[PDB]
């Protein structure tokens, strides 16, 4: 699963990670939130050409084939309605249509709308430590756009997928605005004796997908590129 953020009136590349046994026709689908997934086009591998659905402008979608098994869909003149999850698909001998991974696209008019997340780690309440005997630790990232974020817990230099939970989709700091920044929260729960050990290191790591080196940024502040932002804490003696 990949994340791509692009400004309007530009080009975007969508990569297909699908492994195809027999390569004949490579289908492209688009899934937009609150709508049904639909095929935009498919690629004829033998004839090397694009077959577009009715109503689509020629030249809008182009699938490039750099290598034998490689397929990349290129979009032209990006508009905000191009935003969504793009899948590559193929039929198989089993009479099933396989969809390789997916990639979420977000197109914005102003590139000034992208913000890196501000992460903060919050120490467990002593009450729950006494009452429940288990300490709950909370990390939350705020003021980030677009929606693309990956939150990971790191304990003592190692990632822990157990005893951790994250919200399925981020909140909206400003529900009134469509381009408004997002807020996400996560939880990590460990035993009190493990939390009360000061040698134990706790770090909330958040992967953010921003601008690239090719993207131009003329603004005064720091360039909102693809960035890693972490907030760390140590165990309490009590």
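Residue numbers count along the first chain shown, from 1.
Set 202-210 against 175-183 and average the Cα temperature factors; 175-183 ends up higher. Comparing 125-133 with 145-153, the stretch with the higher mean C-alpha B-factor in the PDB entry is 125-133. Residue-level inspection of the entry shows that, of 160, 140, 107, 74, 160 has the top Cα B-factor. The PDB entry assigns the greatest CA B-factor among 192, 40, 26, 36 to 192.
Residue-level temperature factors show residue 2 in the middle third of its chain, judged at the C-alpha atom. Per-chain ranking of the deposited C-alpha B factor places residue 18 in the middle third. In the PDB entry, a CA B factor belonging to the highest third of its chain's modelled residues is recorded for residue 219. The PDB entry assigns residue 169 a C-alpha temperature factor belonging to the highest third of its chain's modelled residues. Per-chain ranking of the deposited C-alpha B factor places residue 70 in the middle third.
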